[PDB]
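Structure, as structure tokens:
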Amino acid sequence: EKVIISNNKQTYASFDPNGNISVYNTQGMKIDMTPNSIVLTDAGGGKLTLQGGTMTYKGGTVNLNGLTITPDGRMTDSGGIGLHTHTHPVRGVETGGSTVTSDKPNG
Amino acid sequence: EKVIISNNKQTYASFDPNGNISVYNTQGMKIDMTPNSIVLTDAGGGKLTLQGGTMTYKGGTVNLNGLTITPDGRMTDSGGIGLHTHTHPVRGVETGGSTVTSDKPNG
Amino acid sequence: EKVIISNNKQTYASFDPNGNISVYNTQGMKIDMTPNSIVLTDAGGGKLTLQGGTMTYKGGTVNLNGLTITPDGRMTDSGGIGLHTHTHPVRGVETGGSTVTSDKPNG
Ligand SMILES: [Fe+3]
Ligand code: NA
Ligand code: NA
Ligand code: NA
Ligand code: NA
Ligand code: NA
Ligand code: NA
Ligand code: NA
Ligand code: NA
Ligand code: NA
Ligand code: NA
Ligand code: NA
Ligand code: NA
Ligand code: NA
Ligand code: NA
Ligand code: NA
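Protein chains in written order, with the working numbering: chain H, 60 to 166; chain S, 60 to 166; chain B, 60 to 166.
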């Protein structure tokens, strides 16, 4: 039991009597609202969810102005600097054979 | 003065004569459009805003394919590498008692 | 050929017979659905696209709980730690005149 508006059985909007609203097409793209969430569904394999005071994307590449986050959750900025791969020059040292570990970043 | 469509006083859409469109439920989830913004409101404590050629989320955890941004704006990738906490091995040095500071990342 | 709902020629929704749905105002804010995408258009110069199992924002600053990504795709956390600018202390070394390069981050 809901109200449904549809054009040619291809494009739809539905409003139910309990807090659910859905806009969708037969291809499976959807924009949903429920009592506690907003969800954008991409039929090609992505979903953006706002629920519980959190925001989640799960899918393929996220691109924010050229900064990228892979499907595996690794980040590289638009210049190619990877959070998980980057290195730093360290100047002003004596060379030798030992290894030390840096501290966390300044700031 | 606006047009309102509502099902059972639970689900709503409104269109005004000035550029404002709202889709919402009584629980307080909302999708709003104004003359200069699109806003997704999560009643559980989150908001995503597109306005002024900028995009802002303010709320709890942001999760992008397993990479996380805390409510405080600190980032950790899906492997646990924190932008603000990570360290690096530094090989090929002589040990001693001094501290140096690295340069910014290569790349 | 589509169905259009409009209030005062200022606020609009359209549903076509092929999978396209659009909600928009004369100011140029838009929420679009197509057979394979969802697009939020900010007339002030931003666009968020879900398509092909990917999510893209292209525009000005992205702010996620105080962490920022510039229009150029560089990231700084809410404490000012830049992925592309940060440095690390390196303790326990002998000073000298040489440069070494760190390894990638631990973790
Ligand atoms: Fe580093
Ligand atoms: Na990448
Ligand atoms: Na990984
Ligand atoms: Na790198
Ligand atoms: Na510490
Ligand atoms: Na800082
Ligand atoms: Na985290
Ligand atoms: Na903090
Ligand atoms: Na870390
Ligand atoms: Na520099
Ligand atoms: Na690079
Ligand atoms: Na910044
Ligand atoms: Na740049
Ligand atoms: Na920094
Ligand atoms: Na490696
Ligand atoms: Na780790």
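Heads up, the beta-carbon is just placed ideally off N, CA and C, and yes, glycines get one too.
Item                                                                                            : Value
Cα-Cα separation between B/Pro-164 and S/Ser-161, rounded to whole angstroms                    : 13 angstroms
Cβ-Cβ separation, S/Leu-107 to H/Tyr-116 (assumed contact under 8 angstroms), whole Å           : The pair is not a contact, with the Cβ atoms about 11 angstroms apart (cut-off 8 angstroms).
Chain S contact residues for B/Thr-144, given Cβ-Cβ distances below 9 angstroms                 : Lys-163 and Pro-164
Heavy atom of ligand 3 within 7 angstroms of B/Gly-166 beta-carbon                              : no
Extent of the continuous beta strand (DSSP E) run through S/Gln-69                              : Unbroken run through S/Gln-69: none, as it is neither H nor E.
Closer than 6 angstroms to ligand 12: residues, by C-beta to nearest heavy atom, in chain order : B/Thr-127, B/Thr-129 and B/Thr-135
H/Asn-122 at chain B interface by Cβ criterion, 8 angstroms                                     : yes
Cα-Cα separation, B/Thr-154 to B/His-143                                                        : 25 angstroms
Candidates H/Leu-126, H/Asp-136 and H/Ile-80, of which the one nearest H/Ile-97 by Cα           : H/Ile-80
Proximity test, Cβ basis, 8 angstroms: B/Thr-113 and chain S                                    : no
Any C-beta of chain H under 8 angstroms from that of S/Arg-133                                  : no
Residues bridged to H/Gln-110 [DSSP beta-bridge criterion]                                      : H/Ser-96 and H/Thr-113
Simplified DSSP assignment, three categories, for B/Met-134                                     : strand
Straight-line gap, H/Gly-151 to H/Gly-138 (C-alpha atoms, nearest Å)                            : 27 angstroms
CA nearest to the CA of S/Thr-70, picked from H/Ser-65, H/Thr-70, H/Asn-84 and H/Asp-91         : H/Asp-91
Through-space distance from B/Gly-104 to B/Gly-156, alpha-carbon basis                          : 49 angstroms
B/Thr-158 burial status per 10 Å Cβ neighbour count (16 or more: buried)                        : exposed
H/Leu-109 versus S/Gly-118, S/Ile-140 and S/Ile-64, residue with shortest Cα-Cα distance        : S/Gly-118
Beta-ladder partner(s) of H/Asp-91, from DSSP                                                   : H/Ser-81 and H/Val-98
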